[PDB]
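Written out below as structure tokens is the structure these notes cover.
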Amino acid sequence: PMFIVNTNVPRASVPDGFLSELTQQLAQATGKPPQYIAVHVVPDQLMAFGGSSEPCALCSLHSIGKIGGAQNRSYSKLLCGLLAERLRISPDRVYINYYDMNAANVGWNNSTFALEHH
Amino acid sequence: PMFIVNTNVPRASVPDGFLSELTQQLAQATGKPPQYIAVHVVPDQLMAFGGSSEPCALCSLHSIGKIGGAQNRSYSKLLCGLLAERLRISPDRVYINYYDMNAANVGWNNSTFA
Amino acid sequence: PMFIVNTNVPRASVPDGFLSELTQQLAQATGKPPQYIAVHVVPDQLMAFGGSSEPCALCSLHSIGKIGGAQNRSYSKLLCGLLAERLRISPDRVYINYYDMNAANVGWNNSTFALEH
Ligand SMILES: CC(C)c1cn2nc(O)ccc2n1
């Protein structure tokens, strides 16, 4: 899985260990091994949410499976919680786009995760 | 709705008011209140379009619905016009990816829109 | 087509000619003329892969068509090879998300690529 956070919060406000915490929490949430979790945080961004430049975040979570109605609600509570606690961003100023990726559409290690057919 | 612009145009060339203009014009075009609109502009990027480093932009617009043939052509006219006028980027050096998001696949305020 | 690379490798480590090599090799790989190809490289990123901050890359390739099982495996070999050779990133610390875009969902030059209806 891949989690990306873009925010206008300053770099200095991103706590040390934040990427590690995201990695561990996402492994737990998705049930995927931590070795396959990638995290990316992009601070100091020029953005607005509802016309306002108060702290906000635009995020995406890509996963092969483990994406869906109830699961995404669970992910949203988890991730908004982390953004609010760690970056002090209000949950109502966060968007998270979820993407259920097909294995054949994810490249890794010179190939893709579609190793079964030709 | 959510609009992202990545461009190699320098930050100093982004005019005061640009995010607000994007917010207001996208609210108008999508039929959604300005409260719903998020915008994100990323200048000074290392990019090329057609192998050239002249001004260009790679963009995305995500919306729950309001995405389709005629609507997307209308968004493109609107957004290319703004990029050309405000950032001096030629329309034929802009790509915009449109995404029609399922409400269940958009998180906000501790839940999703489903 | 549009190819984006986000990486924690520093800007200074991106070699002269990298954007042009990506442009040309992607034109070759997808069978599309180079005029169509857009590339975007974002260094110095705060990212981790598998809980490690060793060099890694998160990438996307968007194309109208030319996306599929065997083709994507070919793109991955090409692109991981370039990231390994040029940026010294291990292929097993690279993810590439592939997107088969509908012509109606790609804007360009004041319109889209859906010009038929
Ligand atoms: C931010 C919040 C008021 C909000 C944003 N959106 N976007 C939609 O597309 C639909 C409902 C909605 N509520």
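Residue numbers start at 1 in each chain; chains themselves are named A, B, ... in the order of the structure tokens; ligands are numbered from 1 in the order shown.
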
message: Distance limit 9 Å, atoms considered: only C-alpha atoms. Which chain C residues sit that close to chain A? Return them as a ChimeraX atom specification.
response: /C:6,45-52,58-59,67-70,72-81,90-100

Can I get the residues of chain B within 6 Å of ligand 1, each with the closest pair of atoms and their distance in Å to one decimal, using only C-alpha atoms and all ligand atoms, sorted chain first then ascending number, as CSV?
residue,atom,partner,partner_atom_place_in_ligand_line,distance
B:1,CA,ligand 1,9 (O),5.5
B:35,CA,ligand 1,1 (C),5.8
B:36,CA,ligand 1,5 (C),4.0
B:63,CA,ligand 1,9 (O),5.8
B:64,CA,ligand 1,9 (O),4.8

message: If the cut-off is 10 Å, can you tell me the residues of chain B near chain C, counting only C-alpha atoms? I'd like them as a PyMOL selection string.
response: chain B and resi 6-8+45-53+56-61+67-81+90-100

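For the pair CA of residue 43 in chain B and CA of residue 88 in chain C, the separation is 26.3 Å.
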
- prompt: Taking only C-alpha atoms into account, what are the residues of chain B at most 8 Å from chain A, put as number ranges by chain?
  reply: B: 19-20, 23, 34-42, 101, 104-112, 114

Output of the above residues as a JSON list (two decimals), in the first residue's frame, restricted to C-alpha atoms:
[["chain", "number", "residue", "atom", "x", "y", "z"],
["B", 19, "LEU", "CA", -5.97, 29.92, -5.35],
["B", 20, "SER", "CA", -9.07, 31.98, -4.63],
["B", 23, "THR", "CA", -11.73, 27.96, -5.86],
["B", 34, "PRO", "CA", -17.01, 26.89, -2.50],
["B", 35, "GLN", "CA", -16.84, 25.10, 0.88],
["B", 36, "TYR", "CA", -16.48, 21.82, -1.04],
["B", 37, "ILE", "CA", -13.55, 22.99, -3.15],
["B", 38, "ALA", "CA", -9.90, 22.18, -2.39],
["B", 39, "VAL", "CA", -7.08, 23.58, -4.53],
["B", 40, "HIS", "CA", -3.35, 22.85, -4.61],
["B", 41, "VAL", "CA", -0.68, 24.58, -6.69],
["B", 42, "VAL", "CA", 2.88, 23.27, -6.95],
["B", 101, "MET", "CA", -14.70, 9.35, -7.47],
["B", 104, "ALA", "CA", -17.33, 5.43, -0.70],
["B", 105, "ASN", "CA", -13.78, 6.10, -1.90],
["B", 106, "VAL", "CA", -13.57, 9.63, -0.48],
["B", 107, "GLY", "CA", -12.73, 10.20, 3.16],
["B", 108, "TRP", "CA", -13.51, 13.41, 5.03],
["B", 109, "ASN", "CA", -14.16, 14.33, 8.67],
["B", 110, "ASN", "CA", -13.47, 10.85, 10.10],
["B", 111, "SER", "CA", -15.69, 9.00, 7.60],
["B", 112, "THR", "CA", -16.52, 8.79, 3.89],
["B", 114, "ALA", "CA", -21.07, 7.08, 1.25]]

Shell of 6 Å around residue 89 in chain B, only C-alpha atoms, local chain residues under 4 positions omitted, as a ChimeraX atom specification: /B:55-56,83-84

Keeping only N, CA, C and O atoms, take the residues you just selected and write them out as a JSON list (two decimals), in the first residue's frame.
[["chain", "number", "residue", "atom", "x", "y", "z"],
["B", 55, "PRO", "N", 7.17, 26.44, -20.32],
["B", 55, "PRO", "CA", 6.11, 26.32, -19.31],
["B", 55, "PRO", "C", 5.09, 25.26, -19.68],
["B", 55, "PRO", "O", 4.62, 25.19, -20.82],
["B", 56, "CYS", "N", 4.75, 24.42, -18.71],
["B", 56, "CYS", "CA", 3.75, 23.39, -18.91],
["B", 56, "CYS", "C", 3.08, 23.09, -17.57],
["B", 56, "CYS", "O", 3.52, 23.58, -16.53],
["B", 83, "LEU", "N", -4.87, 28.95, -16.68],
["B", 83, "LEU", "CA", -3.44, 28.68, -16.67],
["B", 83, "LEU", "C", -2.70, 29.54, -17.69],
["B", 83, "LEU", "O", -1.56, 29.94, -17.46],
["B", 84, "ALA", "N", -3.36, 29.81, -18.81],
["B", 84, "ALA", "CA", -2.74, 30.62, -19.86],
["B", 84, "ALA", "C", -2.69, 32.08, -19.44],
["B", 84, "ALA", "O", -1.67, 32.76, -19.60]]

message: What parts of chain A does DSSP call strand (DSSP E)? I'd like the answer as JSON, numbers by chain.
response: {"A": [2, 3, 4, 5, 6, 7, 38, 39, 40, 41, 42, 46, 47, 48, 49, 57, 58, 59, 60, 61, 62, 63, 94, 95, 96, 97, 98, 99, 100, 106, 107, 108, 111, 112]}
